[PDB]
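Working notes, structure below.
One-based numbering along the sequence shown. Atoms within a ligand are numbered from 1 in the order they appear, just like the ligands themselves. Only this structure's heavy atoms are used, side chains among them; waters, hydrogens and symmetry mates stay out.
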Amino acid sequence: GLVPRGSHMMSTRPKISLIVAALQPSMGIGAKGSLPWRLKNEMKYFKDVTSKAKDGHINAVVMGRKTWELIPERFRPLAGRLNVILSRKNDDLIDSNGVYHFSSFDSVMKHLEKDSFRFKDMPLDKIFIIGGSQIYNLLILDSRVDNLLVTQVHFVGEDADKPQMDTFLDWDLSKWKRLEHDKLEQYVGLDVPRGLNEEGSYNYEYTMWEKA
Ligand SMILES: NC(=O)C1=CN([C@@H]2O[C@H](COP(=O)(O)OP(=O)(O)OC[C@H]3O[C@@H](n4cnc5c(N)ncnc54)[C@H](OP(=O)(O)O)[C@@H]3O)[C@@H](O)[C@H]2O)C=CC1
């Protein structure tokens with residue numbers, strides 16, 4: 001935080017991550033309004049990563065309206081995190097549980113900046129964009145996104161049984177560069193398994209990318 005020297009701001013400005021699982025090779029991120037894989041350890045990774053903040057800080061999760069509707073009521077808002085829901089019909093309100101119902105990523109970022117990136121008298125550490133496909137494909141083009149946390153998902157059943165995806169991440173690889181595993185662990189603040197994790201007909205690898 002602040003020091004007697006007067007040289008440091010109270011907190012660093014929060015990094016923005018887009019966290020997503022994408023099917024190889026064509027970056028499929030949805031099928032028929034859902035997702036064809038259900039990976040228990042990957043869902044735990046999402047919980048652990050989005051919840052892990054440096055001491056005295058909290059993280060934010062930013063999601064589209066349709067994804068908010070698919071979180072079970074008893075688990076909303078996602079505990080231990082600033083929840084932001086995007087809908088163009090929202091009225092830019094912060095409700096009785098501290099949930100931000102905002103009309104655009106621009107509007108919520110403007111508000112957070114006005115508040116010195118603080119919430120419930122906690123500074124923000126990381127802001128995670130958590131989906132769904134429409135919000136991912138809008139915000140992956142936003143210059144404020146600092147990194148991608150991509151779970152690379154591989155189908156390892158028979159070729160004919162691979163799920164047919166119908167929504168894909170608008171990810172231009174020329175704009176991004178994969179980092180080594182130590183950088184991923186240092187960013188997320190956790191010990192993360194390296195390599196291909198196995199569950200059923202899928203394997204999956206945790207990766208991090210920054211801008212080229
Ligand atoms: N691969 C992965 O890791 C993940 C994939 N998914 C997949 O995502 C899919 C669902 O995603 P989707 O249906 O696209 O729903 P989203 O969660 O992306 O929410 C879509 C809604 O966001 C609002 N919206 C759209 N553009 C804007 C904007 N510019 N500013 C503000 N609000 C906006 C709209 O509601 P309004 O009209 O009210 O503005 C729209 O209906 C499912 O297939 C799910 O499995 C979800 C999570 C993780």
Side-chain angles (χ1 to χ4, degrees), residues 16-51 59-73 75-78 81-95 99-112 126-145 147-155 162-171 173 176 184 188 192 197 199-209:
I16 299 174
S17 293
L18 190 152
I19 182 163
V20 65
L23 190 67
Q24 308 265 135
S26 301
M27 300 155 182
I29 56 171
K32 298 182 176 322
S34 195
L35 186 63
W37 58 85
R38 202 175 270 254
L39 309 168
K40 63 203 168 306
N41 290 355
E42 211 272 326
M43 297 193 312
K44 180 179 186 301
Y45 172 84
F46 171 90
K47 179 177 186 180
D48 290 348
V49 170
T50 62
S51 304
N59 294 331
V61 291
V62 182
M63 79 191 86
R65 181 185 46 79
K66 301 183 154 73
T67 294
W68 172 253
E69 286 163 8
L70 299 183
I71 301 176
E73 301 209 305
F75 286 109
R76 297 193 311 194
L78 290 181
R81 289 151 284 185
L82 196 64
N83 289 252
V84 181
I85 304 95
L86 302 182
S87 161
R88 293 161 292 192
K89 295 174 316 272
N90 281 344
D91 295 321
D92 293 358
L93 296 166
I94 300 170
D95 71 0
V99 184
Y100 286 70
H101 289 254
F102 277 60
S103 62
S104 68
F105 186 64
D106 310 87
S107 185
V108 67
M109 273 322 273
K110 178 185 158 147
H111 180 96
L112 292 172
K126 294 157 258 176
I127 295 166
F128 294 93
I129 304 312
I130 72 156
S133 304
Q134 285 189 241
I135 294 309
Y136 278 144
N137 285 334
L138 169 73
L139 302 186
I140 196 168
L141 307 178
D142 193 297
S143 68
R144 291 170 286 202
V145 177
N147 59 73
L148 314 179
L149 290 166
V150 183
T151 302
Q152 287 181 355
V153 179
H154 304 256
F155 182 75
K162 189 171 180 193
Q164 183 51 267
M165 315 298 288
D166 60 35
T167 309
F168 300 86
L169 191 64
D170 189 15
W171 184 15
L173 287 173
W176 300 91
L184 182 174
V188 309
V192 177
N197 307 283
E199 289 188 50
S201 300
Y202 293 92
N203 75 35
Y204 56 98
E205 181 171 13
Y206 301 118
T207 75
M208 190 173 157
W209 306 64

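- A donor-acceptor pair is defined here as one N or O able to donate and one able to accept, closer than 3.5 Å; no such pair exists between the side chain of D92 and the backbone of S104.
- Under the 4.0 Å criterion applied to side-chain N and carboxylate O atoms, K66 and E69 are not assigned as salt-bridge partners.
- Residues lining ligand 1 at a heavy-atom distance below 4.0 Å are given as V20, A21, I29, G30, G33, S34, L35, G64, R65, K66, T67, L86, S87, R88, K89, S103, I130, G131, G132, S133, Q134, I135, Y136, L138, ordered by chain and residue number.
- A distance-only check finds a donor-acceptor pair linking the side chain of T67 to the backbone of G132 [under 3.5 Å].
- Not a single donor-acceptor pair under 3.5 Å links the side chain of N59 to the backbone N or O of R81.
- If you check the side chains of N147 and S17, you find a donor sitting under 3.5 Å from an acceptor.
- Residue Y206 is tested with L149, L184, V49, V150 for a side-chain contact (heavy atoms from CB on, under 4.5 Å); the sole match is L184.
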